[PDB]
$ cat entry14.txt   # compact mmCIF, C-alpha atoms and all ligand atoms
# COMPACT_ATOMS: atom_id res chain seq x y z
CA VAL L 1 20.84 -16.28 -30.34
CA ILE L 2 22.27 -14.12 -33.13
CA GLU L 3 20.92 -10.56 -33.02
CA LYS L 4 20.71 -8.34 -36.09
CA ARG L 5 20.72 -4.64 -35.25
CA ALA L 6 18.23 -2.94 -37.58
CA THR L 7 16.44 0.28 -38.52
CA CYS L 8 12.67 -0.19 -38.54
CA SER L 9 10.21 1.31 -41.03
CA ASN L 10 9.37 3.99 -38.44
CA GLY L 11 13.03 5.10 -38.55
CA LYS L 12 14.01 3.81 -35.10
CA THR L 13 16.98 1.49 -34.56
CA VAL L 14 16.50 -1.63 -32.46
CA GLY L 15 18.71 -4.46 -31.23
CA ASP L 16 17.13 -7.11 -33.49
CA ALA L 17 15.06 -6.87 -36.66
CA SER L 18 12.33 -9.08 -35.08
CA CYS L 19 11.64 -6.22 -32.61
CA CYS L 20 10.25 -3.94 -35.36
CA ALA L 21 6.87 -5.75 -35.39
CA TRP L 22 6.34 -4.76 -31.75
CA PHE L 23 6.01 -1.06 -32.72
CA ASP L 24 2.67 -1.92 -34.39
CA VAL L 25 1.64 -3.84 -31.25
CA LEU L 26 2.64 -0.76 -29.18
CA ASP L 27 0.57 1.70 -31.18
CA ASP L 28 -2.45 -0.63 -31.12
CA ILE L 29 -2.48 -1.19 -27.35
CA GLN L 30 -1.62 2.40 -26.43
CA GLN L 31 -4.73 3.56 -28.29
CA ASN L 32 -7.07 0.61 -27.78
CA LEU L 33 -6.12 -0.89 -24.44
CA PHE L 34 -4.67 2.02 -22.42
CA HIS L 35 -6.98 4.71 -23.85
CA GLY L 36 -4.25 7.03 -25.17
CA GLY L 37 -1.30 5.95 -23.00
CA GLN L 38 -2.89 6.18 -19.57
CA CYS L 39 -1.72 4.78 -16.25
CA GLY L 40 -5.33 3.88 -15.37
CA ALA L 41 -7.26 0.68 -14.64
CA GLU L 42 -6.16 -1.35 -17.68
CA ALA L 43 -2.51 -0.42 -17.11
CA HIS L 44 -2.74 -1.47 -13.47
CA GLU L 45 -4.45 -4.76 -14.36
CA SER L 46 -1.76 -5.47 -16.94
CA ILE L 47 0.98 -4.94 -14.33
CA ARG L 48 -0.82 -7.32 -11.96
CA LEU L 49 -1.18 -9.93 -14.74
CA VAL L 50 2.60 -10.12 -15.20
CA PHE L 51 3.02 -11.33 -11.61
CA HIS L 52 0.14 -13.85 -11.75
CA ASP L 53 1.46 -15.30 -15.01
CA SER L 54 5.08 -15.47 -13.83
CA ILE L 55 5.17 -16.55 -10.18
CA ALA L 56 3.25 -19.77 -10.96
CA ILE L 57 6.41 -21.90 -11.14
CA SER L 58 7.68 -24.31 -8.52
CA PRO L 59 10.98 -26.20 -8.54
CA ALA L 60 9.95 -27.70 -5.18
CA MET L 61 6.91 -29.32 -6.86
CA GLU L 62 8.98 -30.49 -9.86
CA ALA L 63 11.35 -32.15 -7.35
CA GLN L 64 8.35 -34.12 -6.03
CA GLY L 65 7.50 -35.47 -9.51
CA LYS L 66 4.64 -33.03 -10.17
CA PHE L 67 4.28 -30.26 -12.77
CA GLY L 68 4.92 -26.94 -10.98
CA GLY L 69 3.92 -24.47 -13.75
CA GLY L 70 6.02 -22.87 -16.50
CA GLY L 71 6.60 -19.38 -15.07
CA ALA L 72 6.20 -16.53 -17.60
CA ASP L 73 4.70 -18.71 -20.32
CA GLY L 74 1.33 -17.04 -20.95
CA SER L 75 -0.57 -19.92 -19.25
CA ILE L 76 -2.90 -17.57 -17.40
CA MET L 77 -4.19 -16.35 -20.80
CA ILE L 78 -4.05 -19.64 -22.74
CA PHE L 79 -5.86 -21.54 -19.97
CA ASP L 80 -7.78 -18.58 -18.56
CA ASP L 81 -10.80 -20.75 -17.78
CA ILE L 82 -8.71 -22.77 -15.30
CA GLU L 83 -6.26 -20.23 -13.89
CA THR L 84 -8.56 -17.21 -13.52
CA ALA L 85 -10.89 -19.37 -11.39
CA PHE L 86 -8.16 -19.78 -8.74
CA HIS L 87 -8.90 -17.52 -5.73
CA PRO L 88 -5.57 -15.63 -5.80
CA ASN L 89 -6.33 -14.71 -9.45
CA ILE L 90 -9.73 -13.26 -8.71
CA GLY L 91 -10.75 -10.50 -11.10
CA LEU L 92 -8.06 -11.28 -13.72
CA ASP L 93 -10.26 -12.78 -16.42
CA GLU L 94 -11.44 -9.24 -17.27
CA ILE L 95 -7.96 -8.09 -18.29
CA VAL L 96 -7.17 -11.41 -19.94
CA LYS L 97 -10.31 -11.06 -22.12
CA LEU L 98 -9.36 -7.51 -23.05
CA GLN L 99 -5.80 -8.61 -23.99
CA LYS L 100 -6.73 -11.77 -25.97
CA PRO L 101 -7.74 -10.10 -29.25
CA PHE L 102 -4.43 -8.21 -29.53
CA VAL L 103 -2.52 -11.49 -29.28
CA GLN L 104 -4.60 -13.19 -31.96
CA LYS L 105 -4.37 -10.17 -34.28
CA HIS L 106 -0.61 -9.64 -34.02
CA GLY L 107 0.51 -13.27 -33.96
CA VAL L 108 2.71 -12.92 -30.89
CA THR L 109 2.97 -15.45 -28.06
CA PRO L 110 0.63 -14.88 -25.10
CA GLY L 111 3.58 -14.84 -22.70
CA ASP L 112 5.53 -12.21 -24.65
CA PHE L 113 2.39 -10.11 -24.95
CA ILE L 114 1.79 -10.19 -21.18
CA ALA L 115 5.35 -9.07 -20.48
CA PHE L 116 5.08 -6.37 -23.17
CA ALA L 117 1.79 -4.92 -21.97
CA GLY L 118 3.11 -4.86 -18.40
CA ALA L 119 6.22 -2.89 -19.44
CA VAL L 120 4.23 -0.42 -21.60
CA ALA L 121 1.69 0.03 -18.83
CA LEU L 122 4.41 1.04 -16.40
CA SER L 123 6.02 3.39 -18.96
CA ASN L 124 2.70 5.31 -18.87
CA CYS L 125 2.95 6.07 -15.13
CA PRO L 126 5.07 9.10 -14.26
CA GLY L 127 8.12 8.18 -12.21
CA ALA L 128 8.50 4.62 -13.56
CA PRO L 129 11.88 3.13 -14.38
CA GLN L 130 12.92 2.82 -18.04
CA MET L 131 11.46 -0.66 -18.57
CA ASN L 132 12.94 -3.67 -20.40
CA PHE L 133 11.22 -6.03 -22.82
CA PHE L 134 12.73 -9.36 -23.89
CA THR L 135 11.01 -11.76 -26.28
CA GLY L 136 11.10 -15.54 -26.52
CA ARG L 137 8.44 -17.19 -24.36
CA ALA L 138 6.93 -20.25 -26.07
CA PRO L 139 3.21 -20.82 -25.41
CA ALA L 140 2.45 -22.80 -22.25
CA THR L 141 1.30 -26.38 -22.84
CA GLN L 142 -0.06 -27.04 -19.32
CA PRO L 143 -1.93 -24.67 -16.97
CA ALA L 144 -0.27 -23.87 -13.67
CA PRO L 145 -1.39 -25.66 -10.53
CA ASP L 146 -3.19 -23.63 -7.84
CA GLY L 147 -1.55 -22.71 -4.53
CA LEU L 148 1.28 -20.83 -6.21
CA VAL L 149 0.12 -17.20 -6.13
CA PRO L 150 0.21 -15.46 -2.73
CA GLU L 151 -2.96 -14.30 -1.01
CA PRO L 152 -3.33 -11.16 1.13
CA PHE L 153 -4.06 -13.31 4.19
CA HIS L 154 -0.90 -15.45 3.90
CA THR L 155 1.76 -15.01 6.57
CA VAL L 156 5.06 -13.28 5.94
CA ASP L 157 6.81 -16.67 6.24
CA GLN L 158 4.50 -18.26 3.69
CA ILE L 159 5.11 -15.47 1.15
CA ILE L 160 8.91 -15.40 1.71
CA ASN L 161 9.04 -19.17 1.15
CA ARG L 162 6.83 -18.97 -1.92
CA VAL L 163 8.96 -16.39 -3.76
CA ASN L 164 12.18 -18.14 -2.67
CA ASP L 165 10.90 -21.35 -4.27
CA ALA L 166 9.67 -19.70 -7.48
CA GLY L 167 12.75 -17.69 -8.41
CA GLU L 168 15.29 -17.82 -5.56
CA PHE L 169 14.25 -14.33 -4.50
CA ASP L 170 15.21 -13.31 -0.98
CA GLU L 171 13.22 -11.20 1.50
CA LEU L 172 14.73 -7.93 0.23
CA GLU L 173 13.58 -8.68 -3.32
CA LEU L 174 10.06 -9.44 -2.07
CA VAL L 175 9.87 -5.90 -0.77
CA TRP L 176 11.07 -4.51 -4.06
CA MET L 177 8.46 -6.32 -6.21
CA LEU L 178 5.71 -5.00 -3.89
CA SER L 179 6.58 -1.48 -5.21
CA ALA L 180 4.04 -2.21 -7.95
CA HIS L 181 1.28 -1.56 -5.36
CA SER L 182 2.27 2.13 -5.76
CA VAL L 183 0.24 2.07 -9.07
CA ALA L 184 -2.69 -0.11 -8.08
CA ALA L 185 -6.20 -0.49 -6.77
CA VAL L 186 -8.33 -3.23 -5.23
CA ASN L 187 -11.58 -4.30 -6.84
CA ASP L 188 -12.46 -7.58 -5.21
CA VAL L 189 -11.59 -7.56 -1.49
CA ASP L 190 -14.35 -5.21 -0.29
CA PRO L 191 -17.55 -6.42 -1.94
CA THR L 192 -19.27 -3.05 -1.46
CA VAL L 193 -16.88 -0.87 -3.48
CA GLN L 194 -14.45 -1.39 -6.35
CA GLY L 195 -11.28 0.56 -7.14
CA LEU L 196 -9.78 1.47 -3.75
CA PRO L 197 -6.12 2.43 -4.18
CA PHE L 198 -3.19 1.14 -2.15
CA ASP L 199 -1.59 4.60 -1.95
CA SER L 200 -2.75 8.20 -2.46
CA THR L 201 -1.06 8.43 -5.88
CA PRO L 202 -2.20 5.38 -7.92
CA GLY L 203 -1.21 7.08 -11.18
CA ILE L 204 2.36 7.83 -10.04
CA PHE L 205 5.15 5.33 -9.49
CA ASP L 206 6.54 6.70 -6.24
CA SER L 207 7.19 5.73 -2.64
CA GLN L 208 3.85 6.80 -1.20
CA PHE L 209 2.89 3.12 -0.83
CA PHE L 210 5.86 2.63 1.53
CA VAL L 211 5.07 5.83 3.49
CA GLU L 212 1.35 5.26 3.86
CA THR L 213 1.51 1.56 4.80
CA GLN L 214 3.75 2.59 7.73
CA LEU L 215 1.14 4.94 9.23
CA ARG L 216 -1.19 3.69 11.96
CA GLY L 217 -4.34 2.11 10.47
CA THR L 218 -7.43 3.83 11.93
CA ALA L 219 -10.43 2.85 9.84
CA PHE L 220 -11.76 0.68 7.07
CA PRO L 221 -12.54 2.69 3.93
CA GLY L 222 -15.72 0.79 3.02
CA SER L 223 -17.09 -2.27 4.88
CA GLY L 224 -15.13 -3.64 7.81
CA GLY L 225 -13.55 -7.01 8.41
CA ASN L 226 -13.10 -8.47 4.92
CA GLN L 227 -10.68 -11.38 4.64
CA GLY L 228 -7.12 -10.15 4.02
CA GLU L 229 -7.95 -6.49 4.76
CA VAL L 230 -6.76 -4.38 7.70
CA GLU L 231 -7.49 -0.79 8.78
CA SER L 232 -5.94 1.92 6.63
CA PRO L 233 -4.86 5.45 7.54
CA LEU L 234 -6.84 7.51 5.02
CA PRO L 235 -10.39 7.65 3.73
CA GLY L 236 -10.61 5.91 0.37
CA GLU L 237 -7.34 3.95 0.71
CA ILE L 238 -7.29 0.20 1.36
CA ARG L 239 -4.57 -1.76 3.18
CA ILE L 240 -4.15 -5.53 2.89
CA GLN L 241 -2.83 -7.74 5.69
CA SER L 242 0.25 -8.99 3.81
CA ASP L 243 1.55 -5.46 3.04
CA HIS L 244 0.80 -4.33 6.59
CA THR L 245 2.80 -7.21 8.14
CA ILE L 246 5.75 -7.11 5.71
CA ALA L 247 6.16 -3.44 6.57
CA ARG L 248 6.45 -4.33 10.27
CA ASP L 249 8.39 -7.60 10.25
CA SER L 250 11.94 -7.44 11.59
CA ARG L 251 13.35 -9.09 8.45
CA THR L 252 11.84 -6.64 5.96
CA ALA L 253 10.92 -3.43 7.82
CA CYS L 254 14.24 -1.64 7.16
CA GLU L 255 14.10 -2.50 3.40
CA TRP L 256 10.50 -1.27 3.24
CA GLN L 257 11.50 2.02 4.86
CA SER L 258 14.55 2.46 2.62
CA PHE L 259 12.39 3.56 -0.31
CA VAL L 260 10.99 6.54 1.58
CA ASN L 261 12.54 9.64 0.01
CA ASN L 262 14.84 7.53 -2.21
CA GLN L 263 13.61 7.64 -5.75
CA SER L 264 16.75 6.24 -7.33
CA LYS L 265 16.71 3.07 -5.17
CA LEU L 266 13.00 2.58 -5.86
CA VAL L 267 13.46 2.84 -9.63
CA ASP L 268 16.67 0.82 -9.91
CA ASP L 269 15.46 -2.02 -7.71
CA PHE L 270 12.07 -2.26 -9.43
CA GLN L 271 13.60 -2.19 -12.93
CA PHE L 272 15.72 -5.14 -11.89
CA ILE L 273 13.04 -7.25 -10.21
CA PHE L 274 10.38 -6.62 -12.87
CA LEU L 275 12.75 -7.92 -15.55
CA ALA L 276 13.53 -11.00 -13.39
CA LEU L 277 9.84 -11.77 -12.98
CA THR L 278 9.28 -11.66 -16.75
CA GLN L 279 12.11 -14.22 -17.22
CA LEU L 280 10.82 -16.87 -14.79
CA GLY L 281 10.75 -20.29 -16.45
CA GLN L 282 12.99 -19.00 -19.28
CA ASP L 283 16.67 -18.98 -20.27
CA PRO L 284 17.78 -15.32 -20.35
CA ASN L 285 20.57 -16.09 -22.82
CA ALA L 286 18.03 -17.53 -25.27
CA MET L 287 15.85 -14.40 -25.28
CA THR L 288 15.96 -11.37 -27.56
CA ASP L 289 16.32 -7.89 -26.13
CA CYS L 290 13.63 -5.65 -27.58
CA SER L 291 13.80 -2.98 -24.87
CA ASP L 292 14.34 -0.20 -27.50
CA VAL L 293 10.64 -0.52 -28.47
CA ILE L 294 9.45 0.42 -24.98
CA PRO L 295 8.68 4.14 -24.68
CA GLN L 296 10.76 6.38 -22.41
CA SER L 297 9.24 6.87 -18.97
CA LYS L 298 8.27 10.39 -17.90
CA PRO L 299 9.33 12.22 -14.75
CA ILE L 300 6.85 13.16 -12.03
CA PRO L 301 5.40 16.55 -12.99
CA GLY L 302 5.09 19.54 -10.69
CA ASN L 303 7.25 20.65 -7.81
CA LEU L 304 6.09 18.76 -4.71
CA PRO L 305 8.70 16.73 -2.77
CA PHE L 306 9.22 13.14 -3.92
CA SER L 307 7.86 11.66 -0.69
CA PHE L 308 5.59 13.41 1.79
CA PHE L 309 3.03 12.75 4.49
CA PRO L 310 -0.55 13.10 3.20
CA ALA L 311 -2.41 16.05 4.65
CA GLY L 312 -3.43 15.53 8.26
CA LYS L 313 -0.57 13.12 9.04
CA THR L 314 2.78 13.73 10.72
CA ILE L 315 5.69 11.67 12.07
CA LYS L 316 3.59 10.93 15.19
CA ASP L 317 1.31 8.75 13.05
CA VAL L 318 4.15 6.49 11.80
CA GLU L 319 4.54 3.07 13.39
CA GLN L 320 8.34 2.90 13.40
CA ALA L 321 9.42 -0.70 12.71
CA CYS L 322 12.98 -0.29 11.43
CA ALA L 323 15.43 -0.55 14.33
CA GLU L 324 18.52 0.67 12.43
CA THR L 325 17.34 4.00 10.95
CA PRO L 326 14.67 6.47 12.08
CA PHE L 327 11.80 7.13 9.66
CA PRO L 328 12.67 10.25 7.64
CA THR L 329 11.19 13.61 8.66
CA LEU L 330 8.98 14.42 5.67
CA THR L 331 6.87 17.48 4.97
CA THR L 332 3.08 17.31 5.39
CA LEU L 333 0.81 18.54 2.56
CA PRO L 334 -1.36 21.42 3.78
CA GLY L 335 -4.99 21.45 4.66
CA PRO L 336 -7.59 18.98 5.81
CA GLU L 337 -7.28 15.23 5.46
CA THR L 338 -8.74 14.32 2.04
CA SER L 339 -10.15 11.09 0.72
CA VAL L 340 -8.37 9.12 -1.99
CA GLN L 341 -10.51 8.86 -5.12
CA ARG L 342 -11.46 5.42 -6.40
CA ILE L 343 -10.44 4.02 -9.76
CA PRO L 344 -13.47 2.37 -11.35
CA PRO L 345 -12.51 -0.74 -13.30
CA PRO L 346 -14.08 -1.88 -16.57
CA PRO L 347 -17.05 -4.25 -16.26
CA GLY L 348 -16.35 -7.75 -14.89
CA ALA L 349 -13.37 -6.85 -12.69
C1 LIG L 401 3.77 -10.91 -3.05
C2 LIG L 401 2.52 -10.82 -2.63
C3 LIG L 401 1.34 -10.03 -3.17
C4 LIG L 401 0.10 -10.03 -2.66
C5 LIG L 401 -0.41 -10.82 -1.43
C6 LIG L 401 -0.73 -9.19 -3.50
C7 LIG L 401 -2.06 -8.90 -3.28
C8 LIG L 401 -2.87 -8.09 -4.05
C9 LIG L 401 -4.29 -7.92 -3.93
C10 LIG L 401 -5.19 -8.62 -2.86
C11 LIG L 401 -4.68 -7.08 -4.90
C12 LIG L 401 -6.14 -6.63 -5.21
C13 LIG L 401 -6.71 -7.80 -6.12
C14 LIG L 401 -8.20 -7.72 -6.39
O1 LIG L 401 -8.87 -6.98 -5.66
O2 LIG L 401 -8.64 -8.39 -7.40
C15 LIG L 401 -3.50 -6.68 -5.64
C16 LIG L 401 -3.52 -5.82 -6.71
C17 LIG L 401 -2.43 -5.49 -7.50
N1 LIG L 401 -1.21 -6.13 -7.35
FE1 LIG L 401 -0.55 -7.31 -5.88
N2 LIG L 401 0.03 -8.63 -4.51
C18 LIG L 401 1.31 -9.15 -4.32
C19 LIG L 401 2.41 -8.87 -5.11
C20 LIG L 401 2.37 -8.14 -6.27
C21 LIG L 401 3.46 -7.98 -7.23
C22 LIG L 401 4.85 -8.65 -7.05
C23 LIG L 401 3.03 -7.21 -8.23
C24 LIG L 401 3.71 -6.71 -9.49
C25 LIG L 401 3.29 -6.76 -10.73
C26 LIG L 401 1.66 -6.81 -7.90
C27 LIG L 401 0.86 -5.96 -8.62
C28 LIG L 401 -0.42 -5.52 -8.35
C29 LIG L 401 -1.15 -4.49 -9.03
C30 LIG L 401 -0.57 -3.57 -10.12
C31 LIG L 401 -2.39 -4.47 -8.50
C32 LIG L 401 -3.57 -3.54 -8.83
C33 LIG L 401 -4.62 -4.21 -9.75
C34 LIG L 401 -5.63 -3.20 -10.29
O3 LIG L 401 -5.44 -2.02 -10.10
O4 LIG L 401 -6.60 -3.74 -10.90
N3 LIG L 401 1.29 -7.39 -6.70
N4 LIG L 401 -2.41 -7.31 -5.09
CA CA L 402 2.26 -18.89 -16.12
CA CA L 403 1.89 5.81 -6.03

$ encode --input "entry14.txt" --output "structure tokens"
Amino acid sequence: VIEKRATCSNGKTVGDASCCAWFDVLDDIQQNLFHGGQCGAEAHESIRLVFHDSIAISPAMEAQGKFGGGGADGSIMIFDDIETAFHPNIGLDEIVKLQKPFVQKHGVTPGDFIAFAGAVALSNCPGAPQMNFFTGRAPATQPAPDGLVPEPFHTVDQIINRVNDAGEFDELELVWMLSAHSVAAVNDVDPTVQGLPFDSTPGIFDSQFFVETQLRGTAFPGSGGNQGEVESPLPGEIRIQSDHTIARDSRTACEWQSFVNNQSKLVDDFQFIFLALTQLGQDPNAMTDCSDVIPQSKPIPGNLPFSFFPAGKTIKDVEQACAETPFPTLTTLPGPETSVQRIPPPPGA
């Protein structure tokens, strides 16, 4: 891979002349997919899509003589009819259908487009790392098998083993990639209400997800007892069983707690693991670095502390699970407990 540093027609310099075409893709999706650069529903869905495209790869299966999926190869978009019907991928055909036209129009590979839209999406959320974007994913030729994407009702062991198989990720890295639930909502677990967020700041990439999953769950936000859902600590917020148990397991509880009040570790770890996900099934040395096309991320506005307890909660409500270090003493926002507002998805989610 020979790279040719170049100045694009917009006047910006990039690592390789082939990267210049992505500035037109960027302007199109910022206006027509993310409604003016928002960290809203489509941005969240695009971030989710990166993981469901990428994690569908299995060296264990390949060792048994069976196709195990191609990783970040755009298969979930190319074969959407097959893959979006898998239960772990519930609700993803909506975002795939919204993304499809941009791929056809710009003549980029589905896989590179999914990794691009995920990185741009995150750049729209205040607090996000400065994201990378590498090109080079050839179109998938076979859909991924089912049973590769984790479900919210899988055990901690099941999920640890799944991500270890897919990309040799350890239990620490599992925790890091779950940071993406800091900018996310749930549309399909509670059938009575769509758009319940995982943390109280679904438009900000912060550590509230790690704080709020550690509080005692006291109620369901909509209907009770749905598969993969557990009680949450705040009105309007949802908690799934996998996140709840990873936060409390002796292998991963101290790593989960380490992001509380530690913005630089959150950002650095997530930057790293997001890039790794987007390279599953690929040879990093055969890819082109087009990270200079991705916009600069913005800081979190205002002057509140980086991490805090939501109003109405104090250290007494934390279920301490990390045996090595006490949960940090955070401030509590003033006033009455307030409900987290839902994020309505586009039709079909
Ligand atoms: C490792 C185990 C994981 C489990 C069990 C899991 C589970 C879930 C579930 C149940 C939902 C709601 C889906 C729906 O209602 O249709 C969700 C949403 C989401 N997940 Fe995960 N997830 C996992 C890891 C990840 C990772 C590594 C990423 C990073 C890209 C991610 C990104 C997201 C995002 C951004 C959303 C919000 C979607 C939206 O707002 O429409 N998740 N996750
Ligand atoms: Ca795939
Ligand atoms: Ca957040």

$ residues_around --input "entry14.txt" --residues "range 275-292 of chain L" --least-positions-apart "3" --cutoff "7 Å" --atoms "only C-alpha atoms" --output "list in words"
residues 1, 14, 15, 19, 51, 54, 70, 71, 72, 115, 132, 133, 134, 135, 136, 167, 271 and 272 of chain L

$ residues_near_ligand --input "entry14.txt" --ligand "ligand CA 402 (chain L)" --cutoff "10 Å" --atoms "only C-alpha atoms and all ligand atoms" --output "ChimeraX atom specification"
/L:49-57,68-79,83,110-111,139-140,142-145,280-281

$ residues_near_ligand --input "entry14.txt" --ligand "ligand CA 403 (chain L)" --cutoff "10 Å" --atoms "all atoms listed in the file" --output "MDAnalysis selection string"
chainID L and resid 125:127 179:184 197:210 212 307

$ residues_near_ligand --input "entry14.txt" --ligand "ligand LIG 401 (chain L)" --cutoff "6 Å" --atoms "only C-alpha atoms and all ligand atoms" --output "compact mmCIF listing (two decimals) with C-alpha atoms, in the frame of the given file"
# COMPACT_ATOMS: atom_id res chain seq x y z
CA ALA L 41 -7.26 0.68 -14.64
CA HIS L 44 -2.74 -1.47 -13.47
CA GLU L 45 -4.45 -4.76 -14.36
CA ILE L 47 0.98 -4.94 -14.33
CA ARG L 48 -0.82 -7.32 -11.96
CA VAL L 50 2.60 -10.12 -15.20
CA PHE L 51 3.02 -11.33 -11.61
CA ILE L 90 -9.73 -13.26 -8.71
CA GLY L 91 -10.75 -10.50 -11.10
CA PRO L 150 0.21 -15.46 -2.73
CA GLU L 151 -2.96 -14.30 -1.01
CA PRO L 152 -3.33 -11.16 1.13
CA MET L 177 8.46 -6.32 -6.21
CA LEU L 178 5.71 -5.00 -3.89
CA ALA L 180 4.04 -2.21 -7.95
CA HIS L 181 1.28 -1.56 -5.36
CA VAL L 183 0.24 2.07 -9.07
CA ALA L 184 -2.69 -0.11 -8.08
CA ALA L 185 -6.20 -0.49 -6.77
CA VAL L 186 -8.33 -3.23 -5.23
CA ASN L 187 -11.58 -4.30 -6.84
CA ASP L 188 -12.46 -7.58 -5.21
CA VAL L 189 -11.59 -7.56 -1.49
CA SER L 242 0.25 -8.99 3.81

$ closest_residue --input "entry14.txt" --among "L:349, L:294, L:21, L:166" --to "residue 117 in chain L" --atoms "all atoms listed in the file"
L:294

$ closest_residue --input "entry14.txt" --among "L:335, L:129, L:88, L:310" --to "residue 274 in chain L" --atoms "only C-alpha atoms"
L:129

$ residues_around --input "entry14.txt" --residues "residue 9 in chain L" --least-positions-apart "6" --cutoff "12 Å" --atoms "all atoms listed in the file" --output "ChimeraX atom specification"
/L:17,19-24

$ atom_distance --input "entry14.txt" --atom1 "CA of residue 216 in chain L" --atom2 "CA of residue 264 in chain L"
26.5 Å

$ axis_aligned_box --input "entry14.txt" --around "range 267-275 of chain L" --padding-each-side "8 Å" --output "lines of an AutoDock Vina configuration file"
center_x = 13.5
center_y = -2.5
center_z = -11.6
size_x = 22.3
size_y = 26.8
size_z = 23.8

$ closest_residue --input "entry14.txt" --among "L:107, L:347, L:295, L:147" --to "residue 123 in chain L" --atoms "only C-alpha atoms"
L:295

$ closest_residue --input "entry14.txt" --among "L:340, L:33, L:273, L:131" --to "residue 169 in chain L" --atoms "all atoms listed in the file"
L:273

$ closest_residue --input "entry14.txt" --among "L:155, L:82, L:8, L:194" --to "residue 348 in chain L" --atoms "only C-alpha atoms"
L:194

$ atom_distance --input "entry14.txt" --atom1 "CA of residue 262 in chain L" --atom2 "CA of residue 214 in chain L"
15.7 Å

$ closest_residue --input "entry14.txt" --among "L:245, L:257, L:339, L:227" --to "residue 312 in chain L" --atoms "all atoms listed in the file"
L:339

$ residues_around --input "entry14.txt" --residues "residue 160 in chain L" --least-positions-apart "2" --cutoff "10 Å" --atoms "all atoms listed in the file" --output "ChimeraX atom specification"
/L:150,155-158,162-165,168-175,246

$ atom_distance --input "entry14.txt" --atom1 "CA of residue 341 in chain L" --atom2 "CA of residue 191 in chain L"
17.1 Å

$ build_atoms --input "entry14.txt" --residues "range 261-273 of chain L" --atoms "N, CA and C atoms" --output "PDB file, in the frame of the given file"
ATOM      1  N   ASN L 261      11.650   8.559   0.407  1.00  0.00           N
ATOM      2  CA  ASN L 261      12.540   9.640   0.010  1.00  0.00           C
ATOM      3  C   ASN L 261      13.766   9.155  -0.740  1.00  0.00           C
ATOM      4  N   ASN L 262      13.676   8.039  -1.456  1.00  0.00           N
ATOM      5  CA  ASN L 262      14.840   7.530  -2.210  1.00  0.00           C
ATOM      6  C   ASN L 262      14.334   6.980  -3.551  1.00  0.00           C
ATOM      7  N   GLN L 263      14.086   7.963  -4.420  1.00  0.00           N
ATOM      8  CA  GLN L 263      13.610   7.640  -5.750  1.00  0.00           C
ATOM      9  C   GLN L 263      14.567   6.762  -6.541  1.00  0.00           C
ATOM     10  N   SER L 264      15.873   7.077  -6.480  1.00  0.00           N
ATOM     11  CA  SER L 264      16.750   6.240  -7.330  1.00  0.00           C
ATOM     12  C   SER L 264      16.795   4.793  -6.866  1.00  0.00           C
ATOM     13  N   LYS L 265      16.685   4.490  -5.570  1.00  0.00           N
ATOM     14  CA  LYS L 265      16.710   3.070  -5.170  1.00  0.00           C
ATOM     15  C   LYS L 265      15.396   2.421  -5.608  1.00  0.00           C
ATOM     16  N   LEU L 266      14.298   3.150  -5.415  1.00  0.00           N
ATOM     17  CA  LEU L 266      13.000   2.580  -5.860  1.00  0.00           C
ATOM     18  C   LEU L 266      13.037   2.153  -7.324  1.00  0.00           C
ATOM     19  N   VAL L 267      13.455   3.081  -8.194  1.00  0.00           N
ATOM     20  CA  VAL L 267      13.460   2.840  -9.630  1.00  0.00           C
ATOM     21  C   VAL L 267      14.425   1.759 -10.040  1.00  0.00           C
ATOM     22  N   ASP L 268      15.650   1.791  -9.540  1.00  0.00           N
ATOM     23  CA  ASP L 268      16.670   0.820  -9.910  1.00  0.00           C
ATOM     24  C   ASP L 268      16.321  -0.590  -9.444  1.00  0.00           C
ATOM     25  N   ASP L 269      15.780  -0.704  -8.215  1.00  0.00           N
ATOM     26  CA  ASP L 269      15.460  -2.020  -7.710  1.00  0.00           C
ATOM     27  C   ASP L 269      14.269  -2.587  -8.481  1.00  0.00           C
ATOM     28  N   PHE L 270      13.274  -1.742  -8.767  1.00  0.00           N
ATOM     29  CA  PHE L 270      12.070  -2.260  -9.430  1.00  0.00           C
ATOM     30  C   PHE L 270      12.369  -2.657 -10.883  1.00  0.00           C
ATOM     31  N   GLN L 271      13.209  -1.868 -11.529  1.00  0.00           N
ATOM     32  CA  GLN L 271      13.600  -2.190 -12.930  1.00  0.00           C
ATOM     33  C   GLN L 271      14.176  -3.586 -12.978  1.00  0.00           C
ATOM     34  N   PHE L 272      15.062  -3.858 -12.041  1.00  0.00           N
ATOM     35  CA  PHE L 272      15.720  -5.140 -11.890  1.00  0.00           C
ATOM     36  C   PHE L 272      14.774  -6.296 -11.643  1.00  0.00           C
ATOM     37  N   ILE L 273      13.904  -6.151 -10.641  1.00  0.00           N
ATOM     38  CA  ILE L 273      13.040  -7.250 -10.210  1.00  0.00           C
ATOM     39  C   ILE L 273      11.890  -7.485 -11.194  1.00  0.00           C
TER      40      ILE L 273
END
